[PDB]
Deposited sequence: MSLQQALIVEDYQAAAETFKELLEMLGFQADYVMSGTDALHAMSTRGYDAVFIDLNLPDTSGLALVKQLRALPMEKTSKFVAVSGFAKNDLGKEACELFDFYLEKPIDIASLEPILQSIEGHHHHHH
């Protein structure tokens, strides 16, 4: 089957690259550029993996993952924190994300995540 990923990231060019990488590894991937859009996206469509930048225009990544987890989901997504920085991942981030990525993202760091999700 095809795994489906949602990317949450406000920089278009970063989002498209990320989306290219996921696709090269066999995922179908959408991106949205805000927490609000992510909530609307996760309403309507189900995802196997959701990648959340911890720095968003309208919210923190942490406050967003708490909302998305509380949405009614047929099946439960795996949630991945994408950070530039100890600084960004405290106790609750450890608890509420399933996987963690540090920028810059590349196929090597993505591959084991996509392997666990499968």
Compare the deposited sequence with the modelled residues and state the ranges that are missing C-alpha positions.
1, 87, 121-127
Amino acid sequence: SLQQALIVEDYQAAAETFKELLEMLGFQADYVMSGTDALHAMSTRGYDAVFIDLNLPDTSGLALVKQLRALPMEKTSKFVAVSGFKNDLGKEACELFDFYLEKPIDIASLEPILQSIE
From here on, numbers count along this sequence of modelled residues.
So, looking at the entry's B-factor column for Cα atoms, which has the higher mean, 47-55 or 86-94?
86-94
Higher mean Cα B-factor in the deposited model: 59-67 or 36-44?
36-44
So, residue 73's CA B-factor, relative to its chain, sits in which third? The highest
Residue 7: which third of its chain by C-alpha temperature factor?
lowest
Compared with the other modelled residues in the chain, in which third is the CA B-factor of residue 25?
highest
